[PDB]
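Structure file run-v9.tsv; described as TSV, C-alpha atoms.
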chain	number	residue	atom	x	y	z
A	1	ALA	CA	84.70	128.89	97.40
A	2	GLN	CA	81.76	129.19	99.81
A	3	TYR	CA	79.13	128.20	97.22
A	4	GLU	CA	80.30	125.52	94.74
A	5	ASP	CA	78.85	123.90	91.63
A	6	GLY	CA	78.40	120.23	92.48
A	7	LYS	CA	78.01	120.93	96.18
A	8	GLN	CA	75.11	123.21	97.28
A	9	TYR	CA	73.79	123.43	93.72
A	10	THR	CA	74.22	121.98	90.24
A	11	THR	CA	73.94	123.56	86.81
A	12	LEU	CA	71.43	122.53	84.14
A	13	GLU	CA	73.27	121.60	80.95
A	14	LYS	CA	70.19	122.87	79.12
A	15	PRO	CA	69.07	126.17	80.72
A	16	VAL	CA	65.37	126.97	80.50
A	17	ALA	CA	64.31	130.11	78.67
A	18	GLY	CA	61.70	132.29	80.34
A	19	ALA	CA	61.63	130.25	83.55
A	20	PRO	CA	60.27	131.66	86.82
A	21	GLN	CA	63.07	133.32	88.86
A	22	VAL	CA	62.67	130.82	91.71
A	23	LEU	CA	60.75	127.65	90.86
A	24	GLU	CA	59.84	124.92	93.35
A	25	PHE	CA	58.27	121.58	92.43
A	26	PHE	CA	56.39	119.56	95.02
A	27	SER	CA	53.60	117.05	95.57
A	28	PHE	CA	50.97	116.95	98.31
A	29	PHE	CA	51.56	113.15	98.27
A	30	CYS	CA	55.24	113.61	98.96
A	31	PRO	CA	56.43	112.91	102.55
A	32	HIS	CA	59.71	114.79	102.03
A	33	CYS	CA	57.61	117.68	100.65
A	34	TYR	CA	55.48	117.66	103.80
A	35	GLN	CA	58.71	117.99	105.79
A	36	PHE	CA	59.98	120.70	103.46
A	37	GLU	CA	56.90	122.89	103.62
A	38	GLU	CA	55.22	122.15	106.95
A	39	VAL	CA	58.20	121.38	109.26
A	40	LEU	CA	61.29	122.98	107.74
A	41	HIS	CA	59.32	125.80	106.09
A	42	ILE	CA	61.90	126.05	103.30
A	43	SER	CA	59.87	128.14	100.83
A	44	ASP	CA	59.05	130.67	103.55
A	45	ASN	CA	62.71	130.90	104.60
A	46	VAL	CA	63.74	131.25	100.96
A	47	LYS	CA	61.27	134.12	100.34
A	48	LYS	CA	62.42	135.84	103.52
A	49	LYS	CA	65.84	136.35	101.91
A	50	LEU	CA	65.10	136.92	98.22
A	51	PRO	CA	66.34	140.09	96.47
A	52	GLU	CA	63.40	142.36	95.66
A	53	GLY	CA	61.93	142.13	92.18
A	54	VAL	CA	62.37	138.38	92.59
A	55	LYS	CA	59.26	136.23	93.13
A	56	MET	CA	58.86	132.58	94.14
A	57	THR	CA	56.80	130.18	92.04
A	58	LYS	CA	55.56	126.80	93.23
A	59	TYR	CA	54.27	124.02	90.88
A	60	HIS	CA	52.66	120.70	91.73
A	61	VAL	CA	53.62	117.42	90.05
A	62	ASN	CA	51.52	114.49	88.79
A	63	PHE	CA	53.79	111.48	89.19
A	64	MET	CA	52.88	110.64	92.79
A	65	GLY	CA	49.46	109.32	93.73
A	66	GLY	CA	47.82	108.30	90.46
A	67	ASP	CA	44.39	109.81	89.80
A	68	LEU	CA	44.45	111.79	93.04
A	69	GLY	CA	47.94	113.09	92.29
A	70	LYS	CA	46.63	114.62	89.06
A	71	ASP	CA	43.52	115.91	90.79
A	72	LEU	CA	45.88	117.67	93.21
A	73	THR	CA	47.83	119.26	90.34
A	74	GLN	CA	44.52	120.51	88.94
A	75	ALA	CA	43.46	121.81	92.39
A	76	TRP	CA	46.80	123.59	92.74
A	77	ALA	CA	46.10	125.19	89.34
A	78	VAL	CA	42.76	126.31	90.82
A	79	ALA	CA	44.57	127.72	93.84
A	80	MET	CA	46.89	129.70	91.59
A	81	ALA	CA	44.03	130.96	89.42
A	82	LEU	CA	42.04	132.13	92.44
A	83	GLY	CA	45.12	133.35	94.28
A	84	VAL	CA	44.41	131.27	97.39
A	85	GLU	CA	47.68	129.32	97.62
A	86	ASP	CA	48.42	130.43	101.18
A	87	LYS	CA	44.99	129.36	102.39
A	88	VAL	CA	44.93	125.84	101.06
A	89	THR	CA	48.55	124.71	101.27
A	90	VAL	CA	48.43	123.61	104.94
A	91	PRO	CA	45.02	121.88	104.85
A	92	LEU	CA	45.88	120.07	101.58
A	93	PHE	CA	49.14	118.74	103.09
A	94	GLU	CA	47.34	117.72	106.27
A	95	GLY	CA	44.37	116.18	104.47
A	96	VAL	CA	46.56	114.00	102.27
A	97	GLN	CA	49.32	113.04	104.73
A	98	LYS	CA	48.20	113.65	108.32
A	99	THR	CA	44.47	112.91	108.47
A	100	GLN	CA	44.50	111.04	105.15
A	101	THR	CA	40.91	112.23	104.70
A	102	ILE	CA	41.65	113.39	101.17
A	103	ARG	CA	41.04	110.38	98.94
A	104	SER	CA	39.04	111.88	96.05
A	105	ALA	CA	38.58	115.07	93.99
A	106	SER	CA	35.53	115.88	96.09
A	107	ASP	CA	37.64	115.65	99.26
A	108	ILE	CA	40.04	118.25	97.78
A	109	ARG	CA	37.14	120.57	96.94
A	110	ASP	CA	35.93	120.33	100.55
A	111	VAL	CA	39.23	121.88	101.73
A	112	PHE	CA	38.62	124.93	99.51
A	113	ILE	CA	34.95	125.18	100.63
A	114	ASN	CA	36.05	125.02	104.26
A	115	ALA	CA	38.74	127.66	103.64
A	116	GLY	CA	36.10	130.09	102.40
A	117	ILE	CA	36.22	129.65	98.63
A	118	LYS	CA	32.68	129.63	97.27
A	119	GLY	CA	31.65	126.40	95.55
A	120	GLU	CA	30.55	128.02	92.30
A	121	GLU	CA	33.90	129.80	92.06
A	122	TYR	CA	35.88	126.61	92.71
A	123	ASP	CA	33.78	124.71	90.16
A	124	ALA	CA	34.08	127.42	87.51
A	125	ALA	CA	37.88	127.43	88.01
A	126	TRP	CA	38.17	123.59	88.08
A	127	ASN	CA	36.37	123.27	84.75
A	128	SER	CA	38.06	126.31	83.10
A	129	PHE	CA	40.55	126.36	80.23
A	130	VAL	CA	42.56	128.85	82.26
A	131	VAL	CA	43.11	126.02	84.77
A	132	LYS	CA	43.75	123.45	82.02
A	133	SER	CA	46.48	125.82	80.76
A	134	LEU	CA	47.92	126.14	84.26
A	135	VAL	CA	48.04	122.34	84.55
A	136	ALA	CA	49.87	122.13	81.21
A	137	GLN	CA	52.25	124.89	82.35
A	138	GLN	CA	53.24	122.92	85.45
A	139	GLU	CA	53.71	119.76	83.39
A	140	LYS	CA	55.77	121.58	80.76
A	141	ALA	CA	57.97	123.15	83.46
A	142	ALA	CA	58.72	119.69	84.83
A	143	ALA	CA	59.73	118.56	81.35
A	144	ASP	CA	61.90	121.66	80.78
A	145	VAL	CA	64.04	121.08	83.90
A	146	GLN	CA	63.93	117.32	83.25
A	147	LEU	CA	62.54	116.83	86.76
A	148	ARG	CA	63.48	113.56	88.38
A	149	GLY	CA	62.10	113.82	91.91
A	150	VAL	CA	60.49	116.20	94.43
A	151	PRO	CA	60.91	118.41	96.30
A	152	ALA	CA	63.08	120.40	93.92
A	153	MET	CA	63.99	124.03	93.35
A	154	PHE	CA	65.46	125.77	90.31
A	155	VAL	CA	66.80	129.32	90.06
A	156	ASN	CA	66.72	131.52	86.92
A	157	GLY	CA	66.11	128.38	84.87
A	158	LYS	CA	69.79	127.50	85.19
A	159	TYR	CA	70.72	126.23	88.68
A	160	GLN	CA	69.27	123.36	90.71
A	161	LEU	CA	69.38	123.30	94.50
A	162	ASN	CA	71.32	120.30	95.81
A	163	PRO	CA	70.27	119.67	99.42
A	164	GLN	CA	72.31	116.42	99.35
A	165	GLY	CA	75.43	118.57	99.36
A	166	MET	CA	74.44	120.70	102.37
A	167	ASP	CA	74.58	120.03	106.17
A	168	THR	CA	71.85	117.77	107.65
A	169	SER	CA	72.62	118.21	111.34
A	170	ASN	CA	70.73	121.18	112.63
A	171	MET	CA	67.53	121.34	110.65
A	172	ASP	CA	67.93	125.11	110.98
A	173	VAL	CA	71.53	125.16	109.75
A	174	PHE	CA	70.25	123.06	106.84
A	175	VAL	CA	67.32	125.44	106.19
A	176	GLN	CA	69.51	128.54	106.48
A	177	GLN	CA	72.06	127.13	104.03
A	178	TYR	CA	69.33	126.17	101.58
A	179	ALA	CA	67.78	129.63	101.80
A	180	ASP	CA	71.24	131.30	101.62
A	181	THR	CA	72.04	129.23	98.53
A	182	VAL	CA	68.84	130.32	96.74
A	183	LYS	CA	69.72	133.95	97.49
A	184	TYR	CA	73.26	133.47	96.16
A	185	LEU	CA	71.94	131.84	92.98
A	186	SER	CA	69.32	134.54	92.40
A	187	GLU	CA	72.08	137.16	92.04
A	188	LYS	CA	74.33	134.92	89.95

Could you render the structure as structure tokens?
Amino acid sequence: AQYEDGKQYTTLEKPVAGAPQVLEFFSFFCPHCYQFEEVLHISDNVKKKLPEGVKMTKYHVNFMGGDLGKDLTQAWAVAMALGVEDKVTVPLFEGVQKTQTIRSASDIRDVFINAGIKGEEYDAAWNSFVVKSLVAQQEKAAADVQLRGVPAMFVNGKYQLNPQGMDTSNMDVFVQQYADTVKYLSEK
């Protein structure tokens, strides 16, 4: 058929109960994730096609970058708690990978300050149990899908996107197929 198990996607042998409809894992330390988000714009192209009543969820991972990697997971939890994901995603990617001016937790906080988040609000979120729970939630999600690498995307807790089985030629053909595959899976 057009979409095939083992080609554009694979199937989790242990489906995850109560998973987000569309779940992406990434790291701000991850060069392929920089390409995915900031060059290919995969998440944006995916959302542009999703059926309505279907939302996209994005979680950070700890396993790249040591202390700073975990700080970034905690900052992403802050972004989710404050609802400022779309304001910090680009400057966090650029601070870690382009400028490489993000080398400490304080450097992450500066990005939020500069994007208009008040300091007291950032600090209250950073230190909150609501954020500690959000960090745990991201970690648990990674365990549930038995995550092995990033970037990664899972649909309805059952299907895993397999970009290795898509076309690499035209970046845009690649991106369109990826996005088309997510849409197909969402209705499956």

If we count only C-alpha atoms and set the cut-off at 8 Å, which residues sit around region 48-58 of chain A, ignoring sequence neighbours fewer than 5 positions away in its own chain? Please answer as a PyMOL selection string. chain A and resi 20-26+179-180+182-183+186-187

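Among the candidate residues A:41, A:127, A:121, A:33, the one lying nearest to residue 171 (chain A) is A:41, with distances computed using all atoms listed in the file.
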
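Checking A:75, A:16, A:90, A:150 one by one against residue 32 (chain A), counting all atoms listed in the file, you find the shortest gap at A:150.
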
Considering only C-alpha atoms, state which residue in the set A:79, A:166, A:143, A:12 is at the smallest distance from residue 178 (chain A). A:166

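Take CA of residue 2 (chain A) and CA of residue 177 (chain A): the distance between them is 10.8 Å.
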
Residues near residue 123 (chain A), cut-off 12 Å, all atoms listed in the file, skip fewer than 4 positions along chain, as a VMD selection string: chain A and resid 74 to 75 78 to 79 82 105 to 106 108 to 110 112 to 113 117 to 119 127 to 128 131

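Among the candidates A:28, A:142, A:10, A:3, the residue lying nearest to residue 158 (chain A) is A:10 (atoms considered: only C-alpha atoms).
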
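Nearest to residue 17 (chain A) of all the residues A:168, A:144, A:162, A:40 is A:144, based on only C-alpha atoms.
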
Here is a test: counting all atoms listed in the file, which residue of A:31, A:160, A:174, A:152 is nearest to residue 4 (chain A)? A:160

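CA of residue 61 (chain A) lies 22.1 Å from CA of residue 13 (chain A).
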
As a check of understanding: the span from CA of residue 43 (chain A) to CA of residue 98 (chain A) is 20.1 Å

Contacts of residue 165 (chain A) within 9 Å, only C-alpha atoms, excl. fewer than 3 positions in-chain, as a VMD selection string: chain A and resid 6 to 9 162

Contacts of residue 27 (chain A) within 10 Å, all atoms listed in the file, excl. fewer than 3 positions in-chain, as a PyMOL selection string: chain A and resi 30-34+59-65+69-70+72-73+76+93+149-151

How big is the axis-aligned box around all listed atoms of region 129-142 of chain A once 8 Å goes on each side, and where's its centre, in Å to one decimal, as JSON?
{"center_x": 49.6, "center_y": 124.3, "center_z": 82.8, "size_x": 34.2, "size_y": 25.2, "size_z": 21.2}
